[PDB]
Amino acid sequence: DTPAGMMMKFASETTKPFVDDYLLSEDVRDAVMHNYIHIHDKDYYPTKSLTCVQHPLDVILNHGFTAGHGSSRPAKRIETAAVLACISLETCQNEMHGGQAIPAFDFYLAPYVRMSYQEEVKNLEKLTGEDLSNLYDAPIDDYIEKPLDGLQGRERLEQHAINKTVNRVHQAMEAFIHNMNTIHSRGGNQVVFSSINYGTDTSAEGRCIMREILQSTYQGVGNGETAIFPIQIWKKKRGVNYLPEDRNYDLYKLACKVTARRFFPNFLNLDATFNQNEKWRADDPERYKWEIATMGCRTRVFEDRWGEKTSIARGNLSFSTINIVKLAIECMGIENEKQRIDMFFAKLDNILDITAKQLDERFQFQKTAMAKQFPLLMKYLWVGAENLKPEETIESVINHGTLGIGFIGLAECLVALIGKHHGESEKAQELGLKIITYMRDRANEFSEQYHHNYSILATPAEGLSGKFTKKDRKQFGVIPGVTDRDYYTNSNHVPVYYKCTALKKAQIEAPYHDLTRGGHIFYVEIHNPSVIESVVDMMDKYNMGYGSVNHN
Amino acid sequence: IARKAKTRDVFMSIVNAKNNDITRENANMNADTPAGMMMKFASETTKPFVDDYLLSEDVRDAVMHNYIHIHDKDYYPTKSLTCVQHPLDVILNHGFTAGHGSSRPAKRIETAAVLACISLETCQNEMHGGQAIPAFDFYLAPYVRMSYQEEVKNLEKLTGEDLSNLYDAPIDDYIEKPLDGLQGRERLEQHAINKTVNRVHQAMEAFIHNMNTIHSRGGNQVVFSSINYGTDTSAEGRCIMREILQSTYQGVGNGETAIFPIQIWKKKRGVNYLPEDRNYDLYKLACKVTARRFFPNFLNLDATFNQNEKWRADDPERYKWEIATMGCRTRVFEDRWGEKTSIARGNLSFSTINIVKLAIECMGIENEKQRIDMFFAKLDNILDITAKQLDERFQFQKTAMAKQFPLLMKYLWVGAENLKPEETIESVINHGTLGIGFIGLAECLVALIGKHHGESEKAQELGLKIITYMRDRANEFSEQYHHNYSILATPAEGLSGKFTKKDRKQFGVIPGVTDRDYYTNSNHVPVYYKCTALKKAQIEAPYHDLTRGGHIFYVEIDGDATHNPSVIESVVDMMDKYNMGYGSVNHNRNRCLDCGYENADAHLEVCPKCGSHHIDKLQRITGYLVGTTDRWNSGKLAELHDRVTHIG
Ligand SMILES: Nc1nc2c(ncn2[C@H]2C[C@H](O)[C@@H](COP(=O)(O)OP(=O)(O)OP(=O)(O)O)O2)c(=O)[nH]1
Ligand SMILES: Nc1nc2c(ncn2[C@H]2C[C@H](O)[C@@H](COP(=O)(O)OP(=O)(O)OP(=O)(O)O)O2)c(=O)[nH]1
Ligand SMILES: Nc1ncnc2c1ncn2[C@@H]1O[C@H](COP(=O)(O)OP(=O)(O)OP(=O)(O)O)[C@@H](O)[C@H]1O
Ligand SMILES: [Mg+2]
Ligand SMILES: [Mg+2]
Ligand SMILES: [Zn+2]
C-alpha cells in the first residue's frame, strides 16, 4: 500500500510472466504449467539471487565493513559493537530474497563487555589519582551487582568500575532489539529477518551478556511489548548446560522462565546423532564453528558432500517444492494395490527427474551472475567470497549451497488416496517412511548425476499454503478427505486436527528427522519454567532436532 | 511485432547490466544490484502506462513533440509528494511508534541522536524527494542539560548529598577544561563537565555515520536528507553546533567525505555575522568546513524576500521564522493562506517547459517586432498547457490515503496530527508549492539574436523581459487556479540532453540552438562562457527575486582556493551586497575505492595511500553530490566537461 511497497509489485507482475517463456525449456514449462513443480521465489529469477546465509560477525566487527560509500571503524565499546551488528543484517538483505541469522551470538558480544570496562577503570581513576592498574586480569565470577548499601574502602573503586559495565551492557542490548524491530528497510514486506543463537558460553563475559539478553527481553521494547525480531534460539548441549552440576545451568533456569513469558526463545537439540560432531573440544574458546545453528525459516545446512561439515557462512541457493499429493490422485483408479503403488512410484519417478533438471537449469542461469551485483554478500559473508572480483562469476563458490527438493501434504497424500495417514496407523507409518526414503534415495542418485547438494526439506508454510490446493481442487472436484481442507499439511507433521499428546508426537515424528536433512522443526502448542524443560526432556529421549514452543 | 520485439530487448539490457540503456538516469541508485534492477523493471512499465492511460491528449501532444517535460513520471500512479521538513521536537520528547515497534522519550544524548535518523529513513519510503531538518541545534539543546541532571542524580547515589541546587546551576559554558594541577572540588565538579563533552561528541558521530550508510544501500527509494543550524546562543545550543561541525569535518569511516546529509549554515547580521556577534567564532569555522567538505551551505536571512517581521531576540531566537532550505534547491517560505515559515512543508510537483524550439520555429521571419509578438503568443499558449499539467497531476495526488504515509501524516506534517489513518490528505495538502520550470533561456532566443545575456553586452533586457513575463503569468495562474505557483530554476540531471536530440532530428544542427547538446541551465550564464564571480552575481541576482520557488548561485572554485577560507567569506559578502538568497560553492574531489581518500587536486589517477587505479571523480550535480562517474548521464557528462571555474 505504501509507495515503496506498491512499486515492488509492478516489477514482480512484469518479470514473473517474462521468465515463463524466454528462460525455461519446453519440458519444464509444461511441468510447471501443469501445476506439478513450484519454483520458489520466481520474481528474482532474472536477478540471479540466492536464498540466505549465516552471518559471520566476528570478522565484520573486528574490521568494520564498507558497503557502497558507507564505511565504519572497528568497534571498541558495547554500544558500538551491538549497533554495527544490526547494519550487517540490513545491507545483505537487499542483496538476497531470504533471511538472516547470527550463529552463536554469545561469543561475539563478550570481549567488548570487558573492553568497555577495561578502559573505564582508567576514567574512574583520574578523579582519585591512585594507579589502579589491576581490574582486568582477574577471575570475575558473574559481574554481580550490589544494593550499594554503604560500601567503603580503597577497593570501592574496583566494585564501582565493574558496576559501570553492567548498566552499560543493559543499555547496549536495548539498541539491538529496538533496531531490528523498528527499522523497515527491505523492499516490499519492509521487514528484515533475523535470528540469534546463544546458550553455550560459560565465561565471565559471556555469562554477563547472556543474562542481560534475557533480562532485556524480559522487559520488552518501548513499554512492556514482546518483540518480533530477532528470533531467539537456545543451545542445550549436555556437559555445558541442561545438567544440574554445570556452569551454565543457572542461566538455563532463567531462560525457561523467559520462554514461559514471551514464548520467544526456541531450543536446539545438540545431541541427535545427526546434529553431532567429533570436533567439539571443551577447552577451545568460541565453541562455535563446529555446532548446529538454524534460522527461523527451518533451514538446515550442516553436511556438505564436498567441503567441511559446518553451518557457518552457508545457505541455500534455491529450492523447489514437488506436489506429491497430485500424483496420488492419478493413481486412484487402479484396483490392485501392488499395481497402484507401482504407478505412483512411476509417476513420482518422472516428476522427480524433471525437478532435478529444473533446479539444474536455474543453477546454470545463476552461475553467470557477476559479483558486483552483491556488494556485501559476495565480499565478507559468503564462504569463499573474500577473493572475488566484481566482474567475476559466482560459479566458483556457488556449489557450497543446498538445492531443496521439498514436499507438502504427506498426511494428505495417504489420508484417502492410499488407505490412512501416518497417525493412528502403523501400516501407514511404514508406508510413509518408505516414500520419504524413496525420495531420499532418489535425491542421492540426483546428487551423483547432476553433481549438486540435493536434500529433502520440510518446507515452511509461507507462500504455498493454499496455492496448490485451489488449483488441484478445481481439476478434481471434491475428493473427500484430501481436497476439502483448503491447505495441505506441512512436511512429515502430524495434522493439527488429529488430537495427540506431546509424548506421542515425539515418537511418531522422530524417524523423519534423520531423513529431512535440509530442514525440520518440532512444534508444541499449549507458566512454570519446568514444563518447558519437559519438551527438551522428551526431545532428549528420542533423537529429534530443532524445537519451538508457542501459545497463540 | 515491435510491441514485443523491442520491449524484450529492454529487459535483457537491464538483466545483462548494460551501461547505456536508460539504466543511468539517476545517480543515487545502483542499477547493478537486485534492488536496483527491480526498480528499473517497475519504472519501465508505468511510464508507458501513464502516456496512454493517464494524461490528456493536449498535454500528450506536447510530450510527443518535445514541448513539456514531467518530473518523476515513474511515481505518478503512486501519488507521492516531493519533500517535507522535520520537527524533531515531537519525536524526541514524547516517543513514536513505527510499524510494530515503539519508543519512549530520550534521556541522554546517545538515545536522542539515534531517533532522528529513524524518522528520516522512515519518511523517505513514503515520498520520492528529499528530507530536511530545520533548527537542528535548538532541538538537541535541552537533552544536553537533561544529561547534566542524570549525571548529577548518578553522583548523588554514589556520594549521598542533596545536589538539588545543581539542577539549574548557571554555568557559563560547556567547554571542556582538563583537571590538572587542581585539588578539592575542582576534581569533584569540573569532572561532570568533562564527562558530558565526550558523550555529546559520540552522539553526533553516530548521527552522521547512520545517514551515509543508509544511502549506500536501500531496496526502496534512496534516502535524501538535509539539516539546518546556525543561530543558537545557549550554552547547550553552542555545544550541539560545535560537535556537529567537528563530526562533519572529521568524516565517516576512514576519514572520507559524507555524501549525506546536506548541511546549511544560516547567516544573520547582529547574531552571527558581525565580529561583535557572539557566534562569530563558530561562523568562521563553518567557512572552514564548506571549503573542505562542501558543507554547510550558506542561506541569507537578510535578503528582502527572506526577512520576517515576527522575529524577536528576547525569545530564544524564535526558531520558527528562520528560513530553511530542503534538498537540492527547493524553498517554501511564502504562503497566501498561512504563516511565512518553512516548518513542516515542502514541494508537490513541478514541470519544465521547452522554449528553444519555439524561437527556432520563428527564425524564418526577418521582422524583429513580428517575431517577438508571435513568440509571446506561442509562450502564452504553452504556459496554459503546463499550468493544467501541474494542476492535473495535483488532482491525482489529492486522493491519497493518510495510512499510505504513516510517519509523514502523524508527526512531521503541519496540522497532520488531526487526521485519522483512513482520511484523505487534501485538507492540508494545499500548503505545498507548484513549480513551473524552464531550460536554455540563454540559448532560447538571445543566443539566436546575436549573443546570449551575459556576453558583455546589453542583451539582458530581452532576457529579463521573458522571465518577468512568465513571472507575471505565474502570478496570474496563482490567482486563477487558487494555487501557489512559483518559478524555479530547474536542475539539469536527466533533462539535460533530452529535448536537444529530438530538435536536432526534427530541424538539424544549427549553432547556438543545437550542437551544444546539454544546453544551458535555467537562468544561469552559459556554463561554457567565461565570467568573473562578481559579474556572474550581478547578472543572475535580479533573477533570484523573480524565481521565488527555488534558485541557487553556483560558483565553481578551483582547488587552490579550498585552503583559503576568505574566498567563501567573500562570496557570502557578495551575496549580502545584492539580494541573493541561496548560494553554494562547488568543486571537484577525487575518491578511492580502497582507501576512500579525497583530495582537492584537479585530476587524480592513483591514490597516494593505496595505489589503486580506480580513482573516481567526486563532484556535484545540479541538485546533490555523488561520486562514481560511471553514473554520470550522457547528457550531463557533456555539461560537466565544459564547466568554467571562477578563481575568485
Ligand atoms: N531504535 C532504537 N531505539 C533505541 C536505541 N537506543 C535506545 N533506544 C530506545 C530504548 C528505549 O525505548 C528508548 C529510551 O531509552 P533510555 O535508555 O533513554 O530510557 P528511558 O529514559 O526511556 O527509560 P528509563 O528512565 O531508563 O526507564 O530509546 C537505538 O539505537 N535504536
Ligand atoms: N551507520 C552507523 N554507524 C555508527 C553508528 N554508531 C556508531 N557508528 C560508527 C561510528 C564509527 O565509525 C564507529 C564506532 O567507532 P568507535 O566509537 O568504536 O571509535 P573509533 O573506532 O572511531 O575510535 P576512537 O574512539 O575515536 O579512538 O561506528 C550507528 O548507529 N550507525
Ligand atoms: N534518490 C533520490 N531520492 C529522492 N529524491 C531524489 C533522489 N535523487 C534525486 N532526487 C530529487 O529529484 C531531483 C531531480 O530533479 P531534476 O530536475 O534533476 O530531474 P531530471 O534529472 O530532469 O529527471 P526526472 O525529474 O525525470 O527524475 C533532485 O533535485 C532531488 O530533489
Ligand atoms: Mg534507562
Ligand atoms: Mg570515539
Ligand atoms: Zn587508496
# chains A, B, ... in the order shown; residues from 1 in each chain; ligands from 1

call {"tool": "closest_atom_pairs", "arguments": {"of": "chain B", "to": "chain A", "cutoff": "6 Å", "atoms": "only C-alpha atoms", "output": "JSON lines"}}
result
{"residue": "B:32", "atom": "CA", "partner": "A:373", "partner_atom": "CA", "distance": 5.2}
{"residue": "B:33", "atom": "CA", "partner": "A:373", "partner_atom": "CA", "distance": 4.4}
{"residue": "B:34", "atom": "CA", "partner": "A:47", "partner_atom": "CA", "distance": 5.6}
{"residue": "B:38", "atom": "CA", "partner": "A:11", "partner_atom": "CA", "distance": 5.6}
{"residue": "B:41", "atom": "CA", "partner": "A:11", "partner_atom": "CA", "distance": 5.1}
{"residue": "B:42", "atom": "CA", "partner": "A:11", "partner_atom": "CA", "distance": 4.2}
{"residue": "B:78", "atom": "CA", "partner": "A:3", "partner_atom": "CA", "distance": 5.5}
{"residue": "B:101", "atom": "CA", "partner": "A:182", "partner_atom": "CA", "distance": 5.0}
{"residue": "B:102", "atom": "CA", "partner": "A:222", "partner_atom": "CA", "distance": 5.0}
{"residue": "B:103", "atom": "CA", "partner": "A:222", "partner_atom": "CA", "distance": 4.4}
{"residue": "B:104", "atom": "CA", "partner": "A:222", "partner_atom": "CA", "distance": 5.8}
{"residue": "B:125", "atom": "CA", "partner": "A:4", "partner_atom": "CA", "distance": 5.7}
{"residue": "B:126", "atom": "CA", "partner": "A:3", "partner_atom": "CA", "distance": 5.8}
{"residue": "B:187", "atom": "CA", "partner": "A:127", "partner_atom": "CA", "distance": 6.0}
{"residue": "B:212", "atom": "CA", "partner": "A:70", "partner_atom": "CA", "distance": 5.5}
{"residue": "B:213", "atom": "CA", "partner": "A:70", "partner_atom": "CA", "distance": 4.1}
{"residue": "B:216", "atom": "CA", "partner": "A:68", "partner_atom": "CA", "distance": 4.8}
{"residue": "B:219", "atom": "CA", "partner": "A:187", "partner_atom": "CA", "distance": 4.8}
{"residue": "B:220", "atom": "CA", "partner": "A:187", "partner_atom": "CA", "distance": 5.4}
{"residue": "B:253", "atom": "CA", "partner": "A:72", "partner_atom": "CA", "distance": 4.4}
{"residue": "B:404", "atom": "CA", "partner": "A:2", "partner_atom": "CA", "distance": 5.0}

call {"tool": "residues_around", "arguments": {"residues": "residue 592 (chain B)", "least_positions_apart": "6", "cutoff": "12 Å", "atoms": "only C-alpha atoms", "output": "number ranges by chain"}}
result
A: 68-69; B: 254-257, 598-599, 604-618, 627-628

call {"tool": "residues_near_ligand", "arguments": {"ligand": "ligand 3", "cutoff": "8 Å", "atoms": "only C-alpha atoms and all ligand atoms", "output": "ChimeraX atom specification"}}
result
/B:25-29,70-73,82-83,124,127-130,221-224,327-330,490-496,622-624

call {"tool": "write_last_selection", "arguments": {"atoms": "C-alpha atoms", "output": "CSV table (one decimal), in the first residue's frame"}}
result
chain,number,residue,atom,x,y,z
B,25,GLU,CA,19.1,8.1,-15.4
B,26,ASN,CA,19.7,8.6,-11.7
B,27,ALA,CA,23.0,8.7,-9.9
B,28,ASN,CA,21.7,7.9,-6.4
B,29,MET,CA,20.6,4.4,-7.5
B,70,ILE,CA,7.2,15.9,-16.5
B,71,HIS,CA,9.4,15.2,-13.5
B,72,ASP,CA,9.2,11.8,-11.7
B,73,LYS,CA,6.7,10.1,-14.1
B,82,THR,CA,8.2,15.5,-3.0
B,83,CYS,CA,9.7,16.7,0.3
B,124,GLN,CA,11.8,8.5,2.8
B,127,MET,CA,8.0,10.2,-0.8
B,128,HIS,CA,10.1,10.5,-4.0
B,129,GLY,CA,12.2,13.5,-2.9
B,130,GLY,CA,14.4,14.8,-0.2
B,221,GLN,CA,13.8,4.9,-2.7
B,222,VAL,CA,17.2,6.2,-1.8
B,223,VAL,CA,17.4,8.4,1.3
B,224,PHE,CA,17.8,12.1,0.7
B,327,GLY,CA,17.4,19.1,-0.5
B,328,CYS,CA,18.6,20.4,-3.9
B,329,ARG,CA,17.3,23.9,-4.2
B,330,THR,CA,13.7,23.9,-3.2
B,490,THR,CA,15.0,23.6,-12.8
B,491,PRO,CA,18.0,21.3,-12.0
B,492,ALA,CA,19.6,19.6,-15.0
B,493,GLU,CA,20.4,16.0,-14.3
B,494,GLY,CA,18.4,13.8,-16.7
B,495,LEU,CA,16.5,16.5,-18.7
B,496,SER,CA,20.0,17.8,-19.7
B,622,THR,CA,22.6,20.4,-10.1
B,623,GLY,CA,20.8,19.1,-7.0
B,624,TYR,CA,23.1,16.8,-4.9

call {"tool": "residues_near_ligand", "arguments": {"ligand": "ligand 4", "cutoff": "9 Å", "atoms": "only C-alpha atoms and all ligand atoms", "output": "PyMOL selection string"}}
result
(chain A and resi 167+170-171) or (chain B and resi 106-108)

call {"tool": "residues_around", "arguments": {"residues": "residue 326 (chain A)", "least_positions_apart": "2", "cutoff": "9 Å", "atoms": "only C-alpha atoms", "output": "VMD selection string"}}
result
chain A and resid 35 to 36 323 to 324 328 to 330 413 472

call {"tool": "write_last_selection", "arguments": {"atoms": "N, CA and C atoms", "output": "PDB file, in the first residue's frame"}}
result
ATOM      1  N   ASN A  35       1.028 -27.552 -12.995  1.00  0.00           N
ATOM      2  CA  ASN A  35       0.901 -27.487 -11.536  1.00  0.00           C
ATOM      3  C   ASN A  35       1.517 -28.710 -10.858  1.00  0.00           C
ATOM      4  N   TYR A  36       2.680 -29.135 -11.345  1.00  0.00           N
ATOM      5  CA  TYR A  36       3.397 -30.259 -10.756  1.00  0.00           C
ATOM      6  C   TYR A  36       4.607 -29.831  -9.938  1.00  0.00           C
ATOM      7  N   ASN A 323       4.791 -31.443  -5.803  1.00  0.00           N
ATOM      8  CA  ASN A 323       3.418 -31.719  -5.387  1.00  0.00           C
ATOM      9  C   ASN A 323       3.178 -33.219  -5.504  1.00  0.00           C
ATOM     10  N   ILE A 324       3.435 -33.938  -4.409  1.00  0.00           N
ATOM     11  CA  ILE A 324       3.225 -35.382  -4.399  1.00  0.00           C
ATOM     12  C   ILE A 324       1.769 -35.751  -4.155  1.00  0.00           C
ATOM     13  N   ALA A 328      -0.919 -38.903  -6.479  1.00  0.00           N
ATOM     14  CA  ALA A 328      -1.726 -39.992  -5.941  1.00  0.00           C
ATOM     15  C   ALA A 328      -3.129 -40.001  -6.533  1.00  0.00           C
ATOM     16  N   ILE A 329      -3.642 -38.834  -6.927  1.00  0.00           N
ATOM     17  CA  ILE A 329      -4.988 -38.760  -7.490  1.00  0.00           C
ATOM     18  C   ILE A 329      -5.047 -39.477  -8.833  1.00  0.00           C
ATOM     19  N   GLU A 330      -3.991 -39.347  -9.638  1.00  0.00           N
ATOM     20  CA  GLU A 330      -3.953 -40.008 -10.937  1.00  0.00           C
ATOM     21  C   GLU A 330      -3.841 -41.522 -10.817  1.00  0.00           C
ATOM     22  N   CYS A 413      -1.356 -37.021   1.417  1.00  0.00           N
ATOM     23  CA  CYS A 413      -1.058 -37.969   0.350  1.00  0.00           C
ATOM     24  C   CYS A 413      -1.716 -39.319   0.606  1.00  0.00           C
ATOM     25  N   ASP A 472      -5.634 -27.603  -7.748  1.00  0.00           N
ATOM     26  CA  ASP A 472      -5.922 -29.026  -7.895  1.00  0.00           C
ATOM     27  C   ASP A 472      -7.370 -29.351  -7.552  1.00  0.00           C
TER      28      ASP A 472
END

call {"tool": "residues_around", "arguments": {"residues": "residue 207 (chain A)", "least_positions_apart": "3", "cutoff": "9 Å", "atoms": "only C-alpha atoms", "output": "list in words"}}
result
residues 106, 110, 142, 143, 201, 202, 203, 204, 210, 211, 212, 248 and 251 of chain A

call {"tool": "write_last_selection", "arguments": {"atoms": "C-alpha atoms", "output": "PDB file, in the first residue's frame"}}
result
ATOM      1  CA  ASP A 106      27.008 -15.156  22.831  1.00  0.00           C
ATOM      2  CA  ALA A 110      31.930 -10.748  25.103  1.00  0.00           C
ATOM      3  CA  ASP A 142      29.484 -13.294  37.422  1.00  0.00           C
ATOM      4  CA  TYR A 143      29.901  -9.485  37.146  1.00  0.00           C
ATOM      5  CA  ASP A 201      29.083 -19.845  26.626  1.00  0.00           C
ATOM      6  CA  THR A 202      30.295 -20.102  30.221  1.00  0.00           C
ATOM      7  CA  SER A 203      32.997 -17.427  30.512  1.00  0.00           C
ATOM      8  CA  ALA A 204      32.598 -14.465  32.852  1.00  0.00           C
ATOM      9  CA  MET A 210      23.679 -13.767  28.022  1.00  0.00           C
ATOM     10  CA  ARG A 211      21.927 -12.756  31.253  1.00  0.00           C
ATOM     11  CA  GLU A 212      21.292  -9.193  30.071  1.00  0.00           C
ATOM     12  CA  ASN A 248      25.547 -22.504  32.728  1.00  0.00           C
ATOM     13  CA  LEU A 251      21.024 -19.243  33.389  1.00  0.00           C
TER      14      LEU A 251
END

call {"tool": "residues_around", "arguments": {"residues": "region 634-644 of chain B", "least_positions_apart": "4", "cutoff": "7 Å", "atoms": "only C-alpha atoms", "output": "count of residues only"}}
result
10
